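Shown below, as structure tokens, is a lone chain in the form deposited in one PDB entry; questions about how it binds or moves come after it.
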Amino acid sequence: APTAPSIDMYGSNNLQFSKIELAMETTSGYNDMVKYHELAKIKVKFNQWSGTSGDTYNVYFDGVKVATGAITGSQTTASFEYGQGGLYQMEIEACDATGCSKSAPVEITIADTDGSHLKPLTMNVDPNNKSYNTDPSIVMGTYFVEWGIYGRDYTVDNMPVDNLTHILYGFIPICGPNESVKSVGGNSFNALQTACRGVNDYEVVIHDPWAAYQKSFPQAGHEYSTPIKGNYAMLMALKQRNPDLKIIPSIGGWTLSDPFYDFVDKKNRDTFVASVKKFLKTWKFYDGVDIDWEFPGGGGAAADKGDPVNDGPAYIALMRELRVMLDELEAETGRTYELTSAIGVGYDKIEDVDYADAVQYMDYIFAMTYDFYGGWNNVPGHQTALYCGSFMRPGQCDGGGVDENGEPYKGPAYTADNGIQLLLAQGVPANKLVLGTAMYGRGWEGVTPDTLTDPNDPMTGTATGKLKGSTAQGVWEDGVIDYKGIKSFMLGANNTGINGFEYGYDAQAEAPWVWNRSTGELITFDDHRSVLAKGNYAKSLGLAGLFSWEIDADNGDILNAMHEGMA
């Protein structure tokens, strides 16, 4: 027998190989930065410096032959290709007429985007997140935002993964018209323009590749040579810890919806659907697609956009066309893919789409039962209430009434229940509807006692402007505040109110507030009680379950209440 091969670790790139090639130190077009190969190129050097080297070699992964070739004297390079990611015990065997000799086994790493090659992610979750025994058939969803790793300092390993069925990753942009992105900033718009260089309009790209796959997270054990890093590598490792977890990319949202209005032309839908198929094959940890078009018919960031006649049919056709594509992927891979959408629940939004038609192609509708009122104007209201609040005028709840100035309420008020009922009224099955909880508040200032029409209800007052605060308080944008900020800075440990604030609750609407009478600061949010009410509502109607926006803003209280209400 020949001398047993000695595998050359140093000369073989430390046995680290990858199906994906990702730019780490530059920023350019998506197709320039991201290169996916169906087979990883494997190059293993070995030596047989003493005795006979033999005629041929065999390469084994976990005792199974994967490659063969000729020995070239006392130093041989074994080159081959491999289409499956993972960690394998590799042996290299040398053979001649007398027999064969196997090397010592050594671990080879082949990176793929399913995370097969990765150990379960090490978690660092706030212990306030409690343990539950929620029925696994109940949707318990949340949004994780790409940009949350910056100021918000909220990373993948912070997510209470055991308390979640679905993680929606916000947000995936579509190349094309994107003027609304400028409302976030020039930097964000420029990032998107850079990502879209050498990319056809209406194709998907990664907005922030630094956050997505470049940034080294030490808690994930990322090193200079690690082929996949950032949030994406961490989500891959998360899937290894929780293999039943569904991770779904969310396309669009408030500032990334502009290209959706061009989907009235099927040619653009064709381009989009094809790019999503490619995206899902490239990033294998993803379990389907979430469409967050805000909104068919208009009413989104771009005030001028919207086709009330053609957007609904385009939306239905998109769902049908995505489902056809996902079915293709299911046949090719043996996997199951989900198709979802986050939708507006105001009467004016729902009426622009036949959801009974659209939903036949969809697994879930994430009903965005929040943002009903906010600092965009001086009108206080419950931003995420279940029912009609005390502040609402006669005829406001169901519509048909008139406001304080005499202008007609053209449709039902913005509440969670009104939205759900309008969807059911179209004939949408309850078991496809997912009810939304808010992990943040919206707020005003200047709502002082003298502005109230009902002295016991600050929701009847009038504001002078938006809520202001620091990022330490969870105020990243004026008029918006993390729930964990509200708890730490307005509610306090006993929810009795701190720093000048009092707690209140509209028992009818199922909606909490905190109110500082002196400054007139007023915040509308979800708390334990209102979330329980939502959970009880979901059970009663046989809804699919609950979802939340956004997990980084929770301290555990909201997701805790979600599970406790679904019990």
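One rule holds for the numbers: they count along the sequence shown, beginning at 1.
Visitor: Do the CA atoms of 286-294 or those of 465-473 have the higher mean B-factor in the entry?
Guide: Result: 465-473.
Visitor: I need to verify one thing: averaged over C-alpha atoms only, is the B-factor higher for 141-149 or for 401-409?
Guide: Stretch with the higher mean C-alpha B-factor: 401-409.
Visitor: Per the coordinate record, which of the options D135, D371, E179, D157 holds the highest CA temperature factor?
Guide: It is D135.
Visitor: Given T415, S257, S183, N190, identify the residue with the highest C-alpha B factor in the PDB entry.
Guide: Highest CA B-factor of the listed options: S183.
Visitor: Would the CA B-factor of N378 place it in the lowest, middle or highest third of its chain?
Guide: It belongs to the middle third of the chain when residues are ordered by C-alpha B-factor.
Visitor: Can you work out whether the C-alpha temperature factor of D265 puts it in the lowest, middle or highest third of the chain?
Guide: It belongs to the highest third of the chain when residues are ordered by C-alpha B-factor.
Visitor: C-alpha B factor of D482, ranked within the chain: lowest, middle or highest third?
Guide: It belongs to the lowest third of the chain when residues are ordered by C-alpha B-factor.
Visitor: Is the Cα B-factor recorded for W513 in the lowest, middle or highest third of its chain?
Guide: Tercile = lowest for this residue's CA B-factor.
Visitor: Grab the CA temperature factor for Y60 from the record and place it in the lowest, middle or highest third of its chain.
Guide: For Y60, the deposited C-alpha B-factor lands in the lowest third.
Missing here is the form deposited in another entry; even so, the following discussion is about that form.
Visitor: Kindly say which of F17, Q193, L235, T451 is at the hinge when the rigid parts are compared between the shown form and the other one?
Guide: Comparing the two forms, the hinge falls at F17.
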